[PDB]
file run.pdb (PDB, C-alpha atoms (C1' of nucleotides) and all ligand atoms)
MODEL        1
ATOM      1  CA  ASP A   1     125.083 121.467  68.368
ATOM      2  CA  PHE A   2     127.188 119.125  70.506
ATOM      3  CA  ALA A   3     129.267 122.093  71.664
ATOM      4  CA  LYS A   4     125.963 123.643  72.783
ATOM      5  CA  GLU A   5     125.179 120.471  74.715
ATOM      6  CA  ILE A   6     128.613 120.554  76.348
ATOM      7  CA  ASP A   7     128.832 124.158  77.471
ATOM      8  CA  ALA A   8     125.543 123.951  79.406
ATOM      9  CA  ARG A   9     127.097 121.335  81.679
ATOM     10  CA  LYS A  10     130.222 123.524  81.749
ATOM     11  CA  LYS A  11     128.323 126.614  82.970
ATOM     12  CA  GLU A  12     126.385 124.646  85.553
ATOM     13  CA  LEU A  13     129.682 123.212  86.772
ATOM     14  CA  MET A  14     131.074 126.764  87.020
ATOM     15  CA  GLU A  15     128.187 128.295  88.987
ATOM     16  CA  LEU A  16     128.081 125.149  91.121
ATOM     17  CA  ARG A  17     131.810 125.638  91.777
ATOM     18  CA  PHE A  18     131.116 129.201  92.883
ATOM     19  CA  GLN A  19     128.445 127.855  95.233
ATOM     20  CA  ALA A  20     130.966 125.382  96.614
ATOM     21  CA  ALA A  21     133.322 128.299  97.329
ATOM     22  CA  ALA A  22     130.490 130.069  99.205
ATOM     23  CA  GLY A  23     128.163 128.547 101.811
ATOM     24  CA  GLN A  24     125.998 126.102  99.819
ATOM     25  CA  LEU A  25     127.173 122.821  98.197
ATOM     26  CA  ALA A  26     124.480 120.442  99.437
ATOM     27  CA  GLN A  27     124.647 117.854  96.590
ATOM     28  CA  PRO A  28     128.318 117.165  95.735
ATOM     29  CA  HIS A  29     127.434 114.297  93.400
ATOM     30  CA  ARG A  30     125.817 116.686  90.914
ATOM     31  CA  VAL A  31     129.417 117.737  90.329
ATOM     32  CA  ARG A  32     130.885 114.482  89.034
ATOM     33  CA  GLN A  33     127.645 113.497  87.281
ATOM     34  CA  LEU A  34     127.963 116.634  85.160
ATOM     35  CA  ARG A  35     131.615 115.834  84.530
ATOM     36  CA  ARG A  36     130.574 112.352  83.431
ATOM     37  CA  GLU A  37     128.118 113.852  80.980
ATOM     38  CA  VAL A  38     130.910 115.926  79.461
ATOM     39  CA  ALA A  39     133.251 112.962  79.024
ATOM     40  CA  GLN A  40     130.512 110.815  77.503
ATOM     41  CA  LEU A  41     129.462 113.687  75.284
ATOM     42  CA  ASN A  42     133.015 113.978  73.960
ATOM     43  CA  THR A  43     133.597 110.216  73.722
ATOM     44  CA  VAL A  44     130.547 109.922  71.477
ATOM     45  CA  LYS A  45     132.085 112.524  69.169
ATOM     46  CA  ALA A  46     135.086 110.241  68.721
ATOM     47  CA  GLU A  47     132.812 107.469  67.512
ATOM     48  CA  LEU A  48     131.524 109.726  64.694
ATOM     49  CA  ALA A  49     135.066 110.633  63.616
ATOM     50  CA  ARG A  50     136.354 107.286  62.328
ATOM     51  CA  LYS A  51     132.815 106.140  61.519
ATOM     52  CA  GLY A  52     131.800 107.199  58.017
ATOM     53  CA  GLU A  53     135.125 108.813  57.108
ATOM     54  CA  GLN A  54     136.905 105.441  57.652
TER      55      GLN A  54
ATOM     56  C1'   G B   1     169.594 102.797 199.211
ATOM     57  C1'   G B   2     172.337 108.232 198.721
ATOM     58  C1'   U B   3     176.595 110.931 197.691
ATOM     59  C1'   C B   4     182.148 110.414 196.357
ATOM     60  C1'   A B   5     186.162 107.497 193.668
ATOM     61  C1'   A B   6     187.979 103.770 190.240
ATOM     62  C1'   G B   7     186.676 100.757 186.086
ATOM     63  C1'   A B   8     183.973  98.735 182.245
ATOM     64  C1'   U B   9     180.169  99.065 178.634
ATOM     65  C1'   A B  10     175.549 100.584 175.537
ATOM     66  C1'   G B  11     172.437 103.184 172.522
ATOM     67  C1'   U B  12     172.220 108.530 168.498
ATOM     68  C1'   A B  13     173.220 108.309 161.775
ATOM     69  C1'   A B  14     174.241 113.648 159.119
ATOM     70  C1'   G B  15     175.109 110.363 155.461
ATOM     71  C1'   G B  16     177.167 105.401 153.773
ATOM     72  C1'   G B  17     177.318  99.716 152.890
ATOM     73  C1'   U B  18     175.330  94.362 152.083
ATOM     74  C1'   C B  19     170.828  91.842 151.628
ATOM     75  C1'   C B  20     165.533  91.739 150.830
ATOM     76  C1'   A B  21     160.745  93.738 149.180
ATOM     77  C1'   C B  22     158.422  97.242 145.785
ATOM     78  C1'   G B  23     158.634 100.448 141.612
ATOM     79  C1'   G B  24     160.966 103.783 137.592
ATOM     80  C1'   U B  25     164.047 104.086 133.454
ATOM     81  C1'   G B  26     165.521 101.172 129.119
ATOM     82  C1'   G B  27     164.500  97.849 125.155
ATOM     83  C1'   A B  28     167.871  92.818 125.447
ATOM     84  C1'   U B  29     165.305  87.850 125.370
ATOM     85  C1'   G B  30     161.144  84.701 123.844
ATOM     86  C1'   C B  31     156.779  84.441 120.191
ATOM     87  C1'   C B  32     154.916  86.712 115.451
ATOM     88  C1'   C B  33     154.713  88.566 110.222
ATOM     89  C1'   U B  34     153.016  92.644 106.678
ATOM     90  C1'   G B  35     159.600  92.347 104.843
ATOM     91  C1'   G B  36     163.858  90.442 102.816
ATOM     92  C1'   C B  37     167.738  86.641 100.705
ATOM     93  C1'   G B  38     169.274  82.522  97.335
ATOM     94  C1'   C B  39     168.217  78.624  93.879
ATOM     95  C1'   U B  40     165.204  76.620  90.190
ATOM     96  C1'   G B  41     162.093  77.609  86.175
ATOM     97  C1'   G B  42     159.448  80.936  83.111
ATOM     98  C1'   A B  43     159.501  85.400  80.365
ATOM     99  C1'   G B  44     162.527  89.167  78.065
ATOM    100  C1'   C B  45     163.220  94.691  74.797
ATOM    101  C1'   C B  46     160.725 100.109  75.126
ATOM    102  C1'   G B  47     160.428 104.889  71.779
ATOM    103  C1'   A B  48     158.715 110.437  66.376
ATOM    104  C1'   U B  49     151.668 106.968  67.054
ATOM    105  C1'   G B  50     156.418 110.897  72.179
ATOM    106  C1'   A B  51     159.876 106.106  75.406
ATOM    107  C1'   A B  52     162.370 105.606  80.134
ATOM    108  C1'   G B  53     161.918 109.502  84.037
ATOM    109  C1'   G B  54     159.697 113.837  85.783
ATOM    110  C1'   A B  55     156.812 118.790  86.326
ATOM    111  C1'   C B  56     151.876 120.771  86.977
ATOM    112  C1'   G B  57     147.188 119.508  87.837
ATOM    113  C1'   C B  58     142.117 116.309  88.489
ATOM    114  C1'   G B  59     138.639 115.134  94.815
ATOM    115  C1'   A B  60     132.435 118.520  98.451
ATOM    116  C1'   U B  61     136.457 118.595 102.093
ATOM    117  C1'   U B  62     143.214 116.746 100.041
ATOM    118  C1'   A B  63     149.126 117.655 102.997
ATOM    119  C1'   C B  64     151.249 112.428 101.527
ATOM    120  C1'   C B  65     150.902 108.053  98.566
ATOM    121  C1'   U B  66     147.778 105.580  94.676
ATOM    122  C1'   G B  67     145.124 106.117  90.066
ATOM    123  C1'   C B  68     144.218 109.318  86.158
ATOM    124  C1'   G B  69     144.981 113.668  82.556
ATOM    125  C1'   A B  70     141.521 119.812  81.080
ATOM    126  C1'   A B  71     136.624 114.424  78.491
ATOM    127  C1'   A B  72     141.183 114.405  84.075
ATOM    128  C1'   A B  73     140.645 108.598  91.800
ATOM    129  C1'   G B  74     138.108 108.706  85.229
ATOM    130  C1'   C B  75     135.140 108.031  79.486
ATOM    131  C1'   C B  76     133.219 103.951  75.574
ATOM    132  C1'   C B  77     132.738  98.513  73.818
ATOM    133  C1'   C B  78     133.241  92.934  75.248
ATOM    134  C1'   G B  79     133.455  88.679  78.647
ATOM    135  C1'   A B  80     133.388  86.842  83.596
TER     136        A B  80
HETATM  137 MG    MG C   1     168.571 111.330 156.451
HETATM  138 MG    MG C   2     164.152 103.800 130.130
HETATM  139 MG    MG C   3     159.034  82.788 121.697
HETATM  140 MG    MG C   4     157.931  86.109 102.012
HETATM  141 MG    MG C   5     155.076 109.238  80.940
HETATM  142 MG    MG C   6     140.241 116.798  91.613
HETATM  143 MG    MG C   7     150.674 113.235  92.763
HETATM  144 MG    MG C   8     140.274 118.255  74.766
HETATM  145 MG    MG C   9     130.304  95.947  81.454
ENDMDL
END
call {"tool": "encode", "arguments": {"input": "run.pdb", "output": "structure tokens"}}
result
Amino acid sequence: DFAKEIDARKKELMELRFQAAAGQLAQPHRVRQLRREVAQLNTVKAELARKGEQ
RNA sequence: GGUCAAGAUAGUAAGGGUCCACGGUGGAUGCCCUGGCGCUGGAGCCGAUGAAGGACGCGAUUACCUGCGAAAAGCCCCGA
């Protein structure tokens, strides 16, 4: 399911990128926030790798 | 006074020269430190877990440097 959680931020980042290429990018911060949420969402995966499996 | 003769002698500067006054150019000199030099003393290896050094990228807007690496001027934990 974590891939499902990731690609939603991906698609919003894509359509938001399109909007930036056009005439409307009124909240630039929503960009890097979404990128944050991807990094976090992957970093958490790393913590379930070594945990449990040892 | 006036003609006539003889004689002497000034001022004109086209442009120049010396001096002065005033500027332009140009970056010496003084002052300054963001940069260096040396001695002393510490510390002294890095890499197949990918080194040293690079290439390409990551910004709302990014050409250069800096930082980073598709999780890309950052992500998690701890302390101040
Ligand atoms: Mg003249
Ligand atoms: Mg000059
Ligand atoms: Mg001086
Ligand atoms: Mg110095
Ligand atoms: Mg390298
Ligand atoms: Mg970028
Ligand atoms: Mg660069
Ligand atoms: Mg990846
Ligand atoms: Mg903290």
call {"tool": "resolve_selection", "arguments": {"input": "run.pdb", "expression": "the PyMOL selection byres (((chain A and resi 40) around 12) and not hetatm)", "output": "ChimeraX atom specification"}}
result
/A:2,5-6,9,33-39,41-47 /B:71,74-76
call {"tool": "closest_residue", "arguments": {"input": "run.pdb", "among": "B:40, B:15, B:78, B:60", "to": "residue A:24", "atoms": "all atoms listed in the file"}}
result
B:60
call {"tool": "axis_aligned_box", "arguments": {"input": "run.pdb", "around": "stretch 41-47 of chain A", "padding_each_side": "6 Å", "output": "JSON"}}
result
{"center_x": 132.3, "center_y": 110.7, "center_z": 71.4, "size_x": 17.6, "size_y": 18.5, "size_z": 19.8}
call {"tool": "atom_distance", "arguments": {"input": "run.pdb", "atom1": "atom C1' of residue B:65", "atom2": "atom MG of ligand MG 7 (chain C)"}}
result
7.8 Å
call {"tool": "residues_near_ligand", "arguments": {"input": "run.pdb", "ligand": "ligand MG 3 (chain C)", "cutoff": "9 Å", "atoms": "all atoms listed in the file", "output": "PyMOL selection string"}}
result
chain B and resi 29-32
call {"tool": "atom_distance", "arguments": {"input": "run.pdb", "atom1": "atom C1' of residue B:69", "atom2": "atom CA of residue A:14"}}
result
19.6 Å
call {"tool": "closest_atom_pairs", "arguments": {"input": "run.pdb", "of": "chain B", "to": "ligand MG 2 (chain C)", "cutoff": "8 Å", "atoms": "only C-alpha atoms (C1' of nucleotides) and all ligand atoms", "output": "CSV"}}
result
residue,atom,partner,partner_atom,distance
B:25,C1',C:MG2,MG,3.3
B:26,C1',C:MG2,MG,3.1
B:27,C1',C:MG2,MG,7.8
call {"tool": "residues_near_ligand", "arguments": {"input": "run.pdb", "ligand": "ligand MG 4 (chain C)", "cutoff": "10 Å", "atoms": "all atoms listed in the file", "output": "PDB file with C-alpha atoms (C1' of nucleotides), in the frame of the given file"}}
result
ATOM      1  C1'   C B  33     154.713  88.566 110.222  1.00  0.00           C
ATOM      2  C1'   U B  34     153.016  92.644 106.678  1.00  0.00           C
ATOM      3  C1'   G B  35     159.600  92.347 104.843  1.00  0.00           C
ATOM      4  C1'   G B  36     163.858  90.442 102.816  1.00  0.00           C
ATOM      5  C1'   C B  37     167.738  86.641 100.705  1.00  0.00           C
TER       6        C B  37
END
call {"tool": "resolve_selection", "arguments": {"input": "run.pdb", "expression": "the PyMOL selection byres (((not hetatm)) within 10 of (chain C and resi 5))", "output": "PyMOL selection string"}}
result
chain B and resi 50-54
call {"tool": "atom_distance", "arguments": {"input": "run.pdb", "atom1": "atom CA of residue A:51", "atom2": "atom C1' of residue B:77"}}
result
14.5 Å
call {"tool": "residues_near_ligand", "arguments": {"input": "run.pdb", "ligand": "ligand MG 7 (chain C)", "cutoff": "9 Å", "atoms": "all atoms listed in the file", "output": "VMD selection string"}}
result
chain B and resid 57 64 to 66
call {"tool": "write_last_selection", "arguments": {"input": "run.pdb", "atoms": "C-alpha atoms (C1' of nucleotides)", "output": "PDB file, in the coordinates of the input"}}
result
ATOM      1  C1'   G B  57     147.188 119.508  87.837  1.00  0.00           C
ATOM      2  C1'   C B  64     151.249 112.428 101.527  1.00  0.00           C
ATOM      3  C1'   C B  65     150.902 108.053  98.566  1.00  0.00           C
ATOM      4  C1'   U B  66     147.778 105.580  94.676  1.00  0.00           C
TER       5        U B  66
END
call {"tool": "resolve_selection", "arguments": {"input": "run.pdb", "expression": "the PyMOL selection byres (((not hetatm)) within 10 of (chain C and resi 6))", "output": "ChimeraX atom specification"}}
result
/A:32 /B:57-59,62,72-73
call {"tool": "residues_near_ligand", "arguments": {"input": "run.pdb", "ligand": "ligand MG 1 (chain C)", "cutoff": "12 Å", "atoms": "all atoms listed in the file", "output": "JSON, numbers by chain"}}
result
{"B": [13, 14, 15, 16]}
call {"tool": "closest_residue", "arguments": {"input": "run.pdb", "among": "B:22, B:70, B:80, B:8", "to": "ligand MG 8 (chain C)", "atoms": "all atoms listed in the file"}}
result
B:70
call {"tool": "residues_around", "arguments": {"input": "run.pdb", "residues": "residue A:27", "least_positions_apart": "4", "cutoff": "10 Å", "atoms": "only C-alpha atoms (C1' of nucleotides)", "output": "ChimeraX atom specification"}}
result
/A:16,20,31 /B:60
call {"tool": "closest_residue", "arguments": {"input": "run.pdb", "among": "A:26, A:3, A:8, A:13", "to": "chain B", "atoms": "all atoms listed in the file"}}
result
A:26
call {"tool": "decode", "arguments": {"input": "run.pdb", "residues": "stretch 3-42 of chain A", "atoms": "N, CA and C atoms", "output": "PDB file, in the first residue's frame"}}
result
ATOM      1  N   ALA A   3       3.356   2.017  -1.835  1.00  0.00           N
ATOM      2  CA  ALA A   3       3.492   2.516  -3.199  1.00  0.00           C
ATOM      3  C   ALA A   3       2.260   3.314  -3.618  1.00  0.00           C
ATOM      4  N   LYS A   4       1.073   2.887  -3.164  1.00  0.00           N
ATOM      5  CA  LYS A   4      -0.142   3.665  -3.398  1.00  0.00           C
ATOM      6  C   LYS A   4      -0.063   5.026  -2.719  1.00  0.00           C
ATOM      7  N   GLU A   5       0.478   5.066  -1.502  1.00  0.00           N
ATOM      8  CA  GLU A   5       0.609   6.344  -0.816  1.00  0.00           C
ATOM      9  C   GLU A   5       1.609   7.249  -1.512  1.00  0.00           C
ATOM     10  N   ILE A   6       2.624   6.666  -2.145  1.00  0.00           N
ATOM     11  CA  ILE A   6       3.656   7.469  -2.794  1.00  0.00           C
ATOM     12  C   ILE A   6       3.151   8.054  -4.108  1.00  0.00           C
ATOM     13  N   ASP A   7       2.509   7.229  -4.941  1.00  0.00           N
ATOM     14  CA  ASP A   7       2.243   7.717  -6.292  1.00  0.00           C
ATOM     15  C   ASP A   7       1.171   8.806  -6.309  1.00  0.00           C
ATOM     16  N   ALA A   8       0.361   8.931  -5.251  1.00  0.00           N
ATOM     17  CA  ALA A   8      -0.577  10.047  -5.190  1.00  0.00           C
ATOM     18  C   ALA A   8       0.162  11.377  -5.092  1.00  0.00           C
ATOM     19  N   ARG A   9       1.173  11.448  -4.222  1.00  0.00           N
ATOM     20  CA  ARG A   9       2.014  12.636  -4.187  1.00  0.00           C
ATOM     21  C   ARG A   9       2.759  12.817  -5.504  1.00  0.00           C
ATOM     22  N   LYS A  10       3.159  11.710  -6.145  1.00  0.00           N
ATOM     23  CA  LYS A  10       3.820  11.817  -7.448  1.00  0.00           C
ATOM     24  C   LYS A  10       2.915  12.491  -8.476  1.00  0.00           C
ATOM     25  N   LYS A  11       1.672  12.005  -8.609  1.00  0.00           N
ATOM     26  CA  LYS A  11       0.748  12.540  -9.611  1.00  0.00           C
ATOM     27  C   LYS A  11       0.380  13.984  -9.317  1.00  0.00           C
ATOM     28  N   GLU A  12       0.202  14.324  -8.040  1.00  0.00           N
ATOM     29  CA  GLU A  12      -0.066  15.723  -7.739  1.00  0.00           C
ATOM     30  C   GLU A  12       1.134  16.586  -8.096  1.00  0.00           C
ATOM     31  N   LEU A  13       2.342  16.065  -7.879  1.00  0.00           N
ATOM     32  CA  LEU A  13       3.537  16.807  -8.239  1.00  0.00           C
ATOM     33  C   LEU A  13       3.648  16.968  -9.754  1.00  0.00           C
ATOM     34  N   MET A  14       3.180  15.974 -10.513  1.00  0.00           N
ATOM     35  CA  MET A  14       3.184  16.072 -11.974  1.00  0.00           C
ATOM     36  C   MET A  14       2.190  17.110 -12.494  1.00  0.00           C
ATOM     37  N   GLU A  15       0.920  17.018 -12.075  1.00  0.00           N
ATOM     38  CA  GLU A  15      -0.059  17.992 -12.557  1.00  0.00           C
ATOM     39  C   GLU A  15       0.290  19.394 -12.068  1.00  0.00           C
ATOM     40  N   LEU A  16       0.836  19.494 -10.856  1.00  0.00           N
ATOM     41  CA  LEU A  16       1.287  20.776 -10.342  1.00  0.00           C
ATOM     42  C   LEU A  16       2.452  21.318 -11.163  1.00  0.00           C
ATOM     43  N   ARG A  17       3.318  20.427 -11.659  1.00  0.00           N
ATOM     44  CA  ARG A  17       4.404  20.829 -12.545  1.00  0.00           C
ATOM     45  C   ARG A  17       3.861  21.362 -13.863  1.00  0.00           C
ATOM     46  N   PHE A  18       2.850  20.681 -14.409  1.00  0.00           N
ATOM     47  CA  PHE A  18       2.194  21.184 -15.609  1.00  0.00           C
ATOM     48  C   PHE A  18       1.656  22.583 -15.364  1.00  0.00           C
ATOM     49  N   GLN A  19       0.992  22.779 -14.217  1.00  0.00           N
ATOM     50  CA  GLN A  19       0.443  24.093 -13.897  1.00  0.00           C
ATOM     51  C   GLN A  19       1.552  25.131 -13.810  1.00  0.00           C
ATOM     52  N   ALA A  20       2.710  24.732 -13.284  1.00  0.00           N
ATOM     53  CA  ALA A  20       3.823  25.666 -13.207  1.00  0.00           C
ATOM     54  C   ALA A  20       4.300  26.054 -14.592  1.00  0.00           C
ATOM     55  N   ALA A  21       4.252  25.112 -15.545  1.00  0.00           N
ATOM     56  CA  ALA A  21       4.622  25.403 -16.930  1.00  0.00           C
ATOM     57  C   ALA A  21       3.621  26.317 -17.625  1.00  0.00           C
ATOM     58  N   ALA A  22       2.365  26.320 -17.168  1.00  0.00           N
ATOM     59  CA  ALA A  22       1.319  27.175 -17.718  1.00  0.00           C
ATOM     60  C   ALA A  22       1.295  28.528 -17.012  1.00  0.00           C
ATOM     61  N   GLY A  23       0.099  29.022 -16.689  1.00  0.00           N
ATOM     62  CA  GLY A  23      -0.043  30.329 -16.070  1.00  0.00           C
ATOM     63  C   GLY A  23      -0.369  30.392 -14.588  1.00  0.00           C
ATOM     64  N   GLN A  24      -0.447  29.252 -13.900  1.00  0.00           N
ATOM     65  CA  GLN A  24      -0.899  29.228 -12.507  1.00  0.00           C
ATOM     66  C   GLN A  24       0.014  28.334 -11.678  1.00  0.00           C
ATOM     67  N   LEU A  25       0.868  28.954 -10.826  1.00  0.00           N
ATOM     68  CA  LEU A  25       1.608  28.251  -9.762  1.00  0.00           C
ATOM     69  C   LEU A  25       1.619  29.187  -8.547  1.00  0.00           C
ATOM     70  N   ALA A  26       0.463  29.306  -7.890  1.00  0.00           N
ATOM     71  CA  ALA A  26       0.289  30.324  -6.862  1.00  0.00           C
ATOM     72  C   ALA A  26       0.766  29.900  -5.475  1.00  0.00           C
ATOM     73  N   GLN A  27       1.064  28.616  -5.254  1.00  0.00           N
ATOM     74  CA  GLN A  27       1.569  28.135  -3.963  1.00  0.00           C
ATOM     75  C   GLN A  27       2.781  27.227  -4.178  1.00  0.00           C
ATOM     76  N   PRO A  28       3.954  27.819  -4.438  1.00  0.00           N
ATOM     77  CA  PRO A  28       5.147  27.000  -4.735  1.00  0.00           C
ATOM     78  C   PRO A  28       5.499  26.013  -3.639  1.00  0.00           C
ATOM     79  N   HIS A  29       5.216  26.358  -2.378  1.00  0.00           N
ATOM     80  CA  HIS A  29       5.621  25.501  -1.272  1.00  0.00           C
ATOM     81  C   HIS A  29       4.957  24.134  -1.350  1.00  0.00           C
ATOM     82  N   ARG A  30       3.739  24.057  -1.902  1.00  0.00           N
ATOM     83  CA  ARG A  30       3.073  22.765  -1.997  1.00  0.00           C
ATOM     84  C   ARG A  30       3.930  21.786  -2.768  1.00  0.00           C
ATOM     85  N   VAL A  31       4.788  22.305  -3.642  1.00  0.00           N
ATOM     86  CA  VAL A  31       5.807  21.510  -4.311  1.00  0.00           C
ATOM     87  C   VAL A  31       6.663  20.777  -3.282  1.00  0.00           C
ATOM     88  N   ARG A  32       7.554  21.506  -2.589  1.00  0.00           N
ATOM     89  CA  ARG A  32       8.568  20.806  -1.799  1.00  0.00           C
ATOM     90  C   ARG A  32       7.954  20.047  -0.628  1.00  0.00           C
ATOM     91  N   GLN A  33       6.824  20.526  -0.090  1.00  0.00           N
ATOM     92  CA  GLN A  33       6.098  19.743   0.905  1.00  0.00           C
ATOM     93  C   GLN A  33       5.820  18.343   0.373  1.00  0.00           C
ATOM     94  N   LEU A  34       5.228  18.255  -0.822  1.00  0.00           N
ATOM     95  CA  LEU A  34       4.945  16.947  -1.397  1.00  0.00           C
ATOM     96  C   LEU A  34       6.219  16.137  -1.563  1.00  0.00           C
ATOM     97  N   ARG A  35       7.315  16.795  -1.944  1.00  0.00           N
ATOM     98  CA  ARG A  35       8.558  16.058  -2.121  1.00  0.00           C
ATOM     99  C   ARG A  35       9.059  15.537  -0.784  1.00  0.00           C
ATOM    100  N   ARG A  36       8.953  16.370   0.258  1.00  0.00           N
ATOM    101  CA  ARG A  36       9.183  15.911   1.621  1.00  0.00           C
ATOM    102  C   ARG A  36       8.414  14.634   1.900  1.00  0.00           C
ATOM    103  N   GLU A  37       7.108  14.644   1.613  1.00  0.00           N
ATOM    104  CA  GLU A  37       6.286  13.515   2.017  1.00  0.00           C
ATOM    105  C   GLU A  37       6.687  12.258   1.273  1.00  0.00           C
ATOM    106  N   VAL A  38       7.317  12.402   0.107  1.00  0.00           N
ATOM    107  CA  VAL A  38       7.827  11.229  -0.589  1.00  0.00           C
ATOM    108  C   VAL A  38       9.071  10.704   0.116  1.00  0.00           C
ATOM    109  N   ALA A  39      10.010  11.601   0.426  1.00  0.00           N
ATOM    110  CA  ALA A  39      11.247  11.179   1.073  1.00  0.00           C
ATOM    111  C   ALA A  39      10.956  10.486   2.395  1.00  0.00           C
ATOM    112  N   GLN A  40      10.180  11.150   3.255  1.00  0.00           N
ATOM    113  CA  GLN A  40       9.749  10.538   4.504  1.00  0.00           C
ATOM    114  C   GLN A  40       9.135   9.177   4.239  1.00  0.00           C
ATOM    115  N   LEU A  41       8.239   9.110   3.251  1.00  0.00           N
ATOM    116  CA  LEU A  41       7.493   7.880   3.047  1.00  0.00           C
ATOM    117  C   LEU A  41       8.427   6.762   2.607  1.00  0.00           C
ATOM    118  N   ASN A  42       9.524   7.105   1.922  1.00  0.00           N
ATOM    119  CA  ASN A  42      10.519   6.087   1.602  1.00  0.00           C
ATOM    120  C   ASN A  42      11.434   5.805   2.786  1.00  0.00           C
TER     121      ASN A  42
END
